[PDB]
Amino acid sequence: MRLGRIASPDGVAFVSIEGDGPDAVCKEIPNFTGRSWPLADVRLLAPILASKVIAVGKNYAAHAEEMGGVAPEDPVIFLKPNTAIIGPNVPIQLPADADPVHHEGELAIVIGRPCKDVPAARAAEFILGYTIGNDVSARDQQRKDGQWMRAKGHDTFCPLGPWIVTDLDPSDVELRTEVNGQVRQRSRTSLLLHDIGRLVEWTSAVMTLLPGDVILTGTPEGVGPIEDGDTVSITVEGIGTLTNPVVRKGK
């Protein structure tokens, strides 16, 4: 199943998306009501209203073989404000002064139940599903501030979507980022330094996680700049593709 939010002519609905052909249907909601919008008629929004967004930075091994092996250091987690969230096909707006601003394609965990102190092995019990995220980052501000929050916290700097997949096996799916059709990031989640359960364990040991909260699981190598007029597309195997145009704000 794929869960998400859509903008209809009747308004906003939380829907179930079913079908891979453009004869695709969004059915409203789980108890279904009966109203059906084709996917063609409506527009996908960010699939959930997150109270907070937690992200990790360094979380991909370079290659499977190294290592392995020796335990990775503990995760470093941080927050992006939920005001940064935008959905598919919404422009990423670059600050006039921010150079360079980087794309960071990531697999996103969506929490489905309130939780605290969850053991890594039980993480799936509290996970609604998986979607795609982009941890857009003003790299200059990162270096100036030390704290990464401002750099990653601007409005539109957290694209999320296109929908939430509830039955995905996210253990070994391909993640890739394209800029204007050009592949710039490519890895598999089998190379996650801290896997999904470890991240949920680490994060819920720190703070209460609420239904809707998002945990971005990190980005592999290849992070690179995005400029006015670019299109960034992040594809996760078994989920789909999150696409956003890019515009720079005037001075």
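Residues carry their position along the shown sequence, with the first being 1.
Per the entry, how many residues of the deposited chain go unmodelled between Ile29 and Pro30: none, 1 to 3, 4 to 9, or 10 or more? In the record, 4 to 9 residues between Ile29 and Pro30 lack coordinates.
Could you check the entry and say whether 154-162 or 171-179 has the higher mean CA B-factor? Higher mean C-alpha B-factor in the PDB entry: 171-179.
On mean Cα temperature factor in this entry, is 209-217 or 54-62 the higher one? The stretch with the larger average C-alpha B-factor is 54-62.
Given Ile196, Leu45, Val223, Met67, identify the residue with the highest C-alpha B factor in the PDB entry. Most elevated C-alpha B-factor of the set, per the entry: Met67.
Which is it among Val110, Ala138, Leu79, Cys115: the one with the largest CA B-factor in the entry? In this record, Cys115 carries the highest C-alpha B-factor of the candidates.
Looking at the C-alpha B-factor of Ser204, is it in the lowest, middle or highest third of its chain? Within its chain, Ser204 is a lowest-third residue by C-alpha B-factor, going by the deposited values.
Is the Cα B-factor recorded for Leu242 in the lowest, middle or highest third of its chain? As the PDB entry reports it, the C-alpha B-factor of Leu242 lands in the lowest third of its chain.
Ordered by C-alpha B-factor within the chain, which third holds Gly105? Give me lowest, middle or highest, please. Within its chain, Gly105 is a lowest-third residue by C-alpha B-factor, going by the deposited values.
Place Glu125 in the lowest, middle or highest third of its chain's C-alpha B-factors, as listed in the PDB entry. As the PDB entry reports it, the C-alpha B-factor of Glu125 lands in the middle third of its chain.
Modelled-residue ranking by C-alpha temperature factor, third containing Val90: Tercile = middle for this residue's CA B-factor.
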